[PDB]
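Engineer: Shown below is the structure under consideration.
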Amino acid sequence: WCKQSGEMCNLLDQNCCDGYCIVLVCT
(Lines give C-alpha, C1' and ligand atoms only; values in the text may rest on other atoms or scores of the structure.)
Protein backbone atom coordinates (compact mmCIF):
# COMPACT_ATOMS: atom_id res chain seq x y z
CA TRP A 1 0.00 0.00 0.00
CA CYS A 2 2.24 2.86 -1.20
CA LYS A 3 1.11 6.50 -1.52
CA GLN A 4 1.25 8.18 -4.93
CA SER A 5 4.25 10.51 -4.81
CA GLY A 6 2.29 13.74 -4.28
CA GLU A 7 -0.61 12.55 -2.08
CA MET A 8 -1.22 13.37 1.58
CA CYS A 9 1.89 12.22 3.50
CA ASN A 10 3.41 12.61 6.97
CA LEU A 11 6.69 14.16 8.18
CA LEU A 12 7.15 11.36 10.75
CA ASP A 13 5.02 8.45 9.47
CA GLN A 14 5.12 8.96 5.68
CA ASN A 15 4.86 6.02 3.27
CA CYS A 16 5.44 7.37 -0.25
CA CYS A 17 5.85 4.76 -2.99
CA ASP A 18 9.55 5.54 -3.51
CA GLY A 19 10.41 9.13 -2.51
CA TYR A 20 9.78 11.15 0.67
CA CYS A 21 7.14 13.29 2.39
CA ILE A 22 7.77 17.06 2.36
CA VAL A 23 5.48 19.48 4.23
CA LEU A 24 2.29 17.43 3.68
CA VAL A 25 2.64 15.66 0.31
CA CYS A 26 4.67 12.60 -0.78
CA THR A 27 7.08 13.08 -3.71
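Ligands are numbered from 1 in the order shown, residues from 1 within each chain, and chains are lettered A, B, ... in the order they appear in the C-alpha coordinates.
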Would you list the contacts of residue 2 in chain A as a list in words, taking every protein, DNA or RNA residue within 9 Å and counting only C-alpha atoms, but skipping same-chain residues closer than 4 positions in sequence?
Structural biologist: residues 15, 16, 17 and 18 of chain A
Engineer: Identify, with DSSP run on backbone atoms, the residues in chain A assigned to strand (DSSP E or B), and express the list as a ChimeraX atom specification.
Structural biologist: /A:3,8,16,21-22,25-26
Engineer: Name all residues at most 8 Å from residue 21 in chain A (count only C-alpha atoms; drop same-chain ones fewer than 4 positions away) and give them as a list in words.
Structural biologist: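 Selected residues are residues 9, 10, 11, 14, 15, 16, 25, 26 and 27 of chain A.
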